[PDB]
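Here the structure comes first, spelled out in structure tokens, and everything after it is commentary.
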Amino acid sequence: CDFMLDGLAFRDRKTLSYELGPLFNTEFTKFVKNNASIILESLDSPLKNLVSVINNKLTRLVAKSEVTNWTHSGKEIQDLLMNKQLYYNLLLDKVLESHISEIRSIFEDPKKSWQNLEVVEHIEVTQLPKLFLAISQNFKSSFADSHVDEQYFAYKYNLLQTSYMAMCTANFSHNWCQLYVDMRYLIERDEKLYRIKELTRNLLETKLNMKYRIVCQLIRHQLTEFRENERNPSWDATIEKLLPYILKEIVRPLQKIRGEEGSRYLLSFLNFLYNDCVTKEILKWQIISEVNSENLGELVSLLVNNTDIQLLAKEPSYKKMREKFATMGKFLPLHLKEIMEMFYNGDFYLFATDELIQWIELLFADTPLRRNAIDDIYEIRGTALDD
Amino acid sequence: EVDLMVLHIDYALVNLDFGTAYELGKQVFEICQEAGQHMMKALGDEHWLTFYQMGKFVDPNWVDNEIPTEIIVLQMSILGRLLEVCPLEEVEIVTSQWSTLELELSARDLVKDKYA
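Taken in order, these protein sequences are the chains called E and D. In terms of the entry's author numbering, the first sequence is residues 257 to 377, 489 to 754. For the second sequence, position 16 matches number 584 in the entry's author numbering, and the numbering has no gaps at all.
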């Protein structure tokens, strides 16, 4: 830089700056950075003096050279030189770099021995939980005699958690539920991983909402087919697309979760499927023809018949919803007298009064028999609430 | 070849061809994944800035200037794969961007998606 300033001509300096001042900036910057330890080791040192000289001189180079293609405010060097009050944030960041390089190399294993999943109470969990635990050990150990503020450690620790989980999800594009159960096991091993728990719940909600989008879109497409076509309901979307996707992308993974969370998300899933995907969607219909009622009855029939989860058979909510749905698929193609008399038997104990009235109105047209049926059901449900 | 292709991805971002861009990204990623570790490091130290730029692509023509959930998960997976081999000093920002997407991802109506 001395030879730049005091050794070159104006045009010479100008050209040579134009050419290398970008490289000058980046290389000197990265050097100072990598060597931040020894330079900020002391408060006043001919190293820091000299490097501030170099920064001022490079700024004067940008100035005298009058270059625009590259700029060097030097403000960054000024700040890092003034970055004497932390002295640990740099060390903590180097520790972060070590730990992230460690976790990266962890995924860089060609033998994939970490992918070897071990059944622990019964959940198959890879070896990655242990390595992440060890890296957290090493990091909390690094913070032991670091004078870093306890407000930057939490941010950087959650950053580790987030980065690591993102790494794993990238490495768990298809076995995401295995990742979910491994991190649930980690949470059970360490509850202080709140970033981890929130993120894994968020990505689980993400995947379930994604398949929920898929299934509700596919259901709305099937209902579009039903409203458009009355002859061939085209069960193809149901039999070979919807039911297998549900079993082997939802039912089987959610069972693989194998816990209260697994059963609970199964139960929420079949809420969303029975009620939201179908019950709410069918109730949104304007009119249902006899052939359309038969098609919905068949659909509902092979759904309850194709979506039975014996794991949740003991769940009263599961039994109630599946019975409500099966009795839906029953009463869809039946006549009003059958509806009324099986309501007299009490089979509609799972159906809301208004939902039942809407069902009868959507199925049966404007007839005085329907009015008798609706008033009978209304006043039966009215005397059933005075006791 | 990867260099030409990432150039193409760059200029396609200049052209807003996120589709073709991501296709070439698939291509080059799989190319290097069966190329080798040295190639990972080389592409990383050479074009992580490119990958970051394009993992932070935003289309001005997006409905309500909102990123499509498909494009959300696309860039999400993109950043996820990138994070694995990108240089250390960047892990923060991408991750932030990741969370930047994730929070946004956790803030949409999925059944009736205005951006689908």
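Even for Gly, the Cβ is constructed at its ideal location relative to N, Cα and C.
Q.
Does the CB of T285(E) have a neighbour CB from chain D at under 8 Å?
A. Taking Cβ atoms only, chain D never reaches closer than 8 Å to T285(E), which makes this a no.
**Q.** Proximal residues to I581(E) (C-beta, below 8 Å), its chain only, five neighbours per side dropped
**A.** Answer for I581(E): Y612, listed in chain order.
Q: Less than 8 Å between the CB atoms is what I'm expecting for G612(D) and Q665(D), so what's the real figure, rounded?
A: Their Cβ separation, rounded to whole angstroms, is 17 Å, which puts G612(D) and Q665(D) out of contact at 8 Å.
Q. Which of the three DSSP states, helix, strand or coil, is assigned to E283(E)?
A. In the three-state reduction of the DSSP assignment, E283(E) falls in the helix class, which pools H, G and I.
**Q.** Proximity below 8 Å, CB of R556(E) to CB of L621(E)
**A.** 8 Å or more divides the Cβ of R556(E) from the Cβ of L621(E).
Q: Look at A740(E) and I727(E) and say whether their C-beta atoms are less than 8 Å apart.
A: In this structure, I727(E) lies closer than 8 Å to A740(E) by Cβ.
Q.
Please state the DSSP three-state secondary structure of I606(E).
A. DSSP places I606(E) in the helix class (H, G or I) of the three-state scheme.
Q: Could you name each continuous alpha helix (DSSP H) segment of 4 residues or more that falls completely within the stretch 574 to 658 of chain D, going from the start of the chain to the end?
A: The DSSP assignment places complete alpha helix (DSSP H) segments of no fewer than 4 residues inside the stretch 574 to 658 of chain D at 586 to 601, 605 to 623, 637 to 653, in order along the chain.
Q: With a floor of 4 residues, list each alpha helix (DSSP H) that falls wholly inside the stretch 629 to 689 of chain E, ordered by position along the chain.
A: You should have 647 to 650, 657 to 671.
Q. Can you give the beta carbon distance from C544(E) to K608(E), rounded, assuming they're within the 8 Å contact cut?
A. The C-beta separation of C544(E) from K608(E) comes to about 20 Å, leaving the pair out of contact by the 8 Å criterion.
Q. Is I356(E) close to chain D, meaning its C-beta is less than 8 Å from at least one C-beta of that chain?
A. With 8 Å as the cut-off, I356(E) counts as an interface residue toward chain D.
Q.
Counting only Cβ-Cβ distances shorter than 7 Å, please list the residues of the stretch 576 to 587 of chain E near chain D, keeping chain order.
A. Across the stretch 576 to 587 of chain E, CB contacts with chain D closer than 7 Å involve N576, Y579, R580, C583, in sequence order along the chain.
Q: Check whether the Cβ of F259(E) lies closer than 8 Å to any Cβ atom in chain D.
A: Not an interface residue.
(Q) Counting C-beta neighbours from all protein chains within 10 Å, is the total for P683(E) 16 or more, i.e. buried, or is it exposed? (A) Burial is judged here by how many other beta carbons sit within 10 angstroms of a residue's own beta carbon; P683(E) has fewer than 16 and is exposed.
**Q.** Distance, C535(E) Cα to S645(D) Cα
**A.** Rounded to the nearest whole angstrom, the C-alpha separation of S645(D) and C535(E) is 11 Å.
Q) Would you call the stretch 651 to 670 of chain D and the stretch 348 to 366 of chain E touching, i.e. three or more CB-CB distances under 8 Å? A) Yes, they touch.
Q. Can you find a C-beta in chain E that's less than 8 Å from the C-beta of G648(D)?
A. Residue-level contact check: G648(D) touches chain E, since one or more beta carbons of chain E fall below 8 Å from its beta carbon.
(Q) Between the alpha carbons of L650(E) and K682(D), how many angstroms are there, rounded? (A) Rounded to the nearest angstrom, the two C-alpha atoms are 23 Å apart.
Q: For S530(E), go through chain D and note every residue whose CB falls closer than 7 Å to its CB, in chain order.
A: Within 7 Å Cβ-Cβ: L651, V659, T663.
Q) Straight-line CA distance for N538(E) to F363(E)? A) Between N538(E) and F363(E), the alpha-carbon positions lie close to 8 Å from each other.
Q.
For a test of the three-state rule: what should DSSP assign to residue 686(D), helix, strand or coil?
A. Because chain D in this structure spans residues 569 to 684, residue 686(D) falls outside the shown range and cannot be described.
(Q) I want to see whether chain E comes within less than 8 Å of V679(D), judged by CB atoms only; does it? (A) Look at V679(D): its C-beta is under 8 Å from a C-beta on chain E.
Q) Taking the C-alpha atoms as reference points, what is the distance between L346(E) and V323(E)? A) About 32 Å.
Q: Quick one: list the residues of chain E neighbouring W666(D), beta-carbon separation under 9 Å, in chain order.
A: Near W666(D) (Cβ distances below 9 Å), the residues of chain E are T529, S530, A533.
Q | Endpoints, the beta strand (DSSP E) within which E322(E) is located | A | Taken as a continuous stretch (DSSP letters only), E322(E) belongs to no beta strand (DSSP E), as it is neither H nor E.
Q: Please list, in chain order, all residues of the same chain as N673(E) whose beta carbon is under 7 Å from its beta carbon, the five residues on each side excluded.
A: Taken in chain order, the residues that qualify are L610.
Q. Among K368(E), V671(E), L736(E), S656(E), which has the Cα closest to the Cα of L637(E)?
A. Between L637(E) and the set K368(E), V671(E), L736(E), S656(E), the nearest pair of CA atoms involves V671(E).
Q. Anyone know if the C-beta pair for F593(E) and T646(E) falls short of 8 Å?
A. Not in contact: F593(E) and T646(E) (Cβ atoms no closer than 8 Å).
(Q) Given this structure, state the Cα-to-Cα distance separating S667(D) from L571(E), to the nearest angstrom. (A) Pairing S667(D) with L571(E), the inter-Cα distance amounts to about 15 Å.
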